[PDB]
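Coming up is one lone chain in structure tokens, specifically the form deposited in one PDB entry.
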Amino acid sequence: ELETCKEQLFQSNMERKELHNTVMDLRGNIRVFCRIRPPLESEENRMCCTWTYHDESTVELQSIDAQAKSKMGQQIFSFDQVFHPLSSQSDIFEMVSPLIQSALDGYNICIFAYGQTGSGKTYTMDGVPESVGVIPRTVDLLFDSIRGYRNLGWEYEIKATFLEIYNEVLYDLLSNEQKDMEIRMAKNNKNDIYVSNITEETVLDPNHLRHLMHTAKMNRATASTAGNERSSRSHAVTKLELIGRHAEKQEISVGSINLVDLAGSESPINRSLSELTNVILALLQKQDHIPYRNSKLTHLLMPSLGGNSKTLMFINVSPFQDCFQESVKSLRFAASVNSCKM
């Protein structure tokens, strides 16, 4: 008879699962966001732009130059939402926690931080000890959720791997034992991908994972020091694969989260950056063929840009005049996107 609790507990969750993917689907599946960051004490003598916020999801930006102002015309863009200099980390996390539950439910996620250097990706994805980013929160939420699922029969296992992509070249950031990795078809799924030779530790709790994350950062030997042309010009893919198994019932749940702290989008490899973009738009257009294998980064995420996959995308921008010319570019991508979702 208590089977009727556990069995119906198995059933309410099954229904909860569909309502949620349905909500997810109507809401989007490929949402684009914008994040604007407050200027720093070391930029108090820096020139801004004029941020006009027409409604909670649209924003127009204008060059404080009254002269150039004439030939530029208009600069107005909308998104599924917009975050302004007073928007907290916890704010941005609201837009993400749902996708986290989708992964536990068996769907692949992809959160990308994108923008020109200085914009705020690293701050967004990782954050800082004072105000943690998406990844740190994602982990806590992940372990909380997992904890509960036990009472339902599901035993979850997390499998983390951390790497970097610098010039169409992959780097395990968990080992210094310099090897040669390759993106290849997963043995039990020609559609899933697998990286050969990566360190794939199985997280034991927020701790063990915070560590691993630290390690990955160090081994990144982040020479943001001298000629940093490296870190600001390379992709950082953190992947957590969630494997849920229900014995005495069978069937498993497999969903993966891919937290990409993208390279800076500025100008004078871009092989990926550009390629990544094409792929994204190519989907929105239900295009027949997506060039996933045209770049190490799209090949690697191929299985999470798929059909049921859900993608977040943050465009970070600096509220500064000198940036402006870039700041606009970052947004245009956002504008070119939603023009396809039409």
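Only the largest set of C-alpha atoms that superpose within 1.5 Å between the two forms is called the rigid core. A residue's number is simply how far along the shown sequence it sits, counting from 1.
Visitor: Does the chain run continuously from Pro268 to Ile269, or are deposited residues unmodelled in between? Answer none, 1 to 3, 4 to 9, or 10 or more.
Guide: Gap between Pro268 and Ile269: 10 or more unmodelled residues.
Visitor: Quick one: say whether 19-27 or 324-332 has the higher mean Cα B-factor in the deposited entry.
Guide: The stretch with the larger mean CA B-factor is 324-332.
Visitor: Name the higher of the two by mean Cα B-factor in the PDB entry, 87-95 versus 156-164.
Guide: Between 87-95 and 156-164, it is 87-95.
Visitor: I'd like to know which of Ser175, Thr215, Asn207, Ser196 has the highest C-alpha temperature factor in the PDB entry.
Guide: Across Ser175, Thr215, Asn207, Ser196, the entry lists the biggest C-alpha B-factor for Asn207.
Visitor: Compare the CA B factors listed in the entry for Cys48, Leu312, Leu276, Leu305 and report the winner.
Guide: So the option with the highest C-alpha B-factor is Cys48.
Visitor: How does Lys69 rank on Cα B-factor within its chain, lowest, middle or highest third?
Guide: For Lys69, the deposited C-alpha B-factor lands in the highest third.
Visitor: Taking the chain's C-alpha temperature factors as the reference, tell me which third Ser224 falls into: lowest, middle or highest.
Guide: Highest third - that is where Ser224 ends up once the chain's C-alpha B-factors are sorted.
Visitor: Would you please rank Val59 by its C-alpha temperature factor against the other modelled residues of its chain and give the third it falls in: lowest, middle or highest?
Guide: For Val59, the deposited C-alpha B-factor lands in the middle third.
Visitor: Comparing against every modelled residue in the chain, figure out the third that the C-alpha B-factor of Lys121 lands in (lowest, middle or highest).
Guide: Its C-alpha B-factor, which the entry lists for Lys121, ranks in the lowest third among residues of this chain.
Visitor: Against its chain's modelled residues, does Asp105's Cα B factor rank lowest, middle or highest third?
Guide: Lowest third - that is where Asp105 ends up once the chain's C-alpha B-factors are sorted.
Below, we turn to the form deposited in another entry, even though it does not appear here.
Visitor: Quick check for you: superpose on the rigid core, then look between the shown form and the other one for a C-alpha move of 2 Å or more. Which of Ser97, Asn189, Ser87, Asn176 is it?
Guide: That would be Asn189.
Visitor: Taking the rigid core as the frame, does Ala221 move its C-alpha by 2 Å or more between the shown form and the other one?
Guide: Yes, the C-alpha moves 2 Å or more.
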